[PDB]
Structure formats: structure tokens, C-alpha cells
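Peer 1: Structure for the following, please:
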Amino acid sequence: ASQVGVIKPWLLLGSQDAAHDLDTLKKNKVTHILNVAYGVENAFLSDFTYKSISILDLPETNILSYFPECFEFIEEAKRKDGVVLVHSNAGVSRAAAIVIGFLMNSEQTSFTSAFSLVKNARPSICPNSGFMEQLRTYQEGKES
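Peer 2: Residues are numbered from 1 along each chain as shown. Pasting the structure now:
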């Protein structure tokens, strides 16, 4: 009974249950799965292109440090005319922060606008307060 959020036509956000739900992965046209929890199995190894990046949902984790590895893989799915599911465990903090940061990086949209888009798509998000503050500061130097 998971419910993924649609962030872009090619970018979904969800939980480990979504990642383990072959019926809905197929309905949703998923081609790529980006697993950004810790210790969640990749259940359908022959069926999807996977990338896994271990992340702990703790305020002392620097979510910014995982961005290039995650964002390049999201872009792979887009470039291949596919659909990536970005998921973690509950799918409300690690994976949410990755997607918000992806939007900020790829479109230079603001934190508040990216956060609002993602929460409207997936109303359960609630990133840890460390991730929140990290995302607020992200690319302030660049944007000037």
C-alpha cells in the first residue's frame, strides 16, 4: 500500500515498500532505481538499473556530500528516456533531501520552491533538521 510521489515525469520519490513493489514499479514505467537508504535490498536485480549509495538519516550526515553520485544517475534515467525511483527506507528524509537538492542543482530553483514541490507530490516528507538546514544553505555562494 505504498504511494510514490511524481516529482518529474521521469523522477519518482518513495519508500522501501515502493522499491519492493514489482507490480507498481512496472505500472509506473520504472527503469532505474536509486537506493539511498542503509541496508535495503535491491529486490529485482535483472529488471532495473540500480545504483545504491549508503546514507544514514542523522542530522550529522552531510547530505550535500552524496549529491554528485545521486544526481548523475537521476540524469542517466532522464537521458535514456526512462523513469528513476529515488527511494530510501521510510522515504521521508534521505530520499526527500536528495530529490530537493537535485531540483535545486539541475534547475537552480530555490529551496523553498523545491521543498514545496516535493511535499505537494509526497505529503509525508519530513527531512531531519540537519538536512533541512544543509539544503537551505546549498549553493548560496554559486547563486550570489
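Peer 1: Check the secondary structure at residue 50 for me.
Peer 2: At residue 50 the chain is in strand, as set by DSSP: H, G, I helix; E, B strand; the rest coil.
Peer 1: Strands of this structure, start to end?
Peer 2: 5-8, 11-14, 32-35, 49-52, 84-87 (DSSP state E).
Peer 1: I'd like these as a markdown table, with distance to residue 74 and mean neighbour count appended.
Peer 2: Where C-beta positions appear, they are placed from N, C-alpha and C, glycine not excepted. Compiled in a markdown table, the strands of the chain are given as follows (distance: least, C-beta to C-beta, whole Å; neighbours: other C-beta atoms under 10 Å):
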| stretch | distance to residue 74 | mean neighbour count |
| --- | --- | --- |
| strand 5-8 | 9 | 20 |
| strand 11-14 | 6 | 26 |
| strand 32-35 | 7 | 25 |
| strand 49-52 | 9 | 16 |
| strand 84-87 | 5 | 28 |
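Peer 1: Any idea which of these gets closest to residue 140?
Peer 2: strand 5-8 (22.8 Å; C-beta to C-beta).
Peer 1: Surely residue 102 is in contact with residue 70?
Peer 2: Yes. Shown here, residue 102 and residue 70 form a contact pair, counting by C-beta atoms under 8 Å, at 6.9 Å.
Peer 1: Find the residues that touch each one of the two.
Peer 2: residue 86 (C-beta atoms under 8 Å, 6 or more residues apart in numbering).
Peer 1: show me what contacts the closest residue to residue 85 other than its chain neighbours?
Peer 2: Spatially, and ignoring its direct neighbours in sequence, residue 85 is nearest to residue 12 (4.5 Å; C-beta to C-beta, 6 or more residues apart in numbering). By C-beta under 8 Å, 6+ apart, the contact list for residue 12 reads 4, 5, 6, 18, 28, 30, 83, 84, 85, 86.
Peer 1: Pull up the gap between the last one and residue 104, please.
Peer 2: By that I understand residue 86. The span separating residue 86 from residue 104 equals 14 Å under the rule C-beta to C-beta, to the nearest Å.
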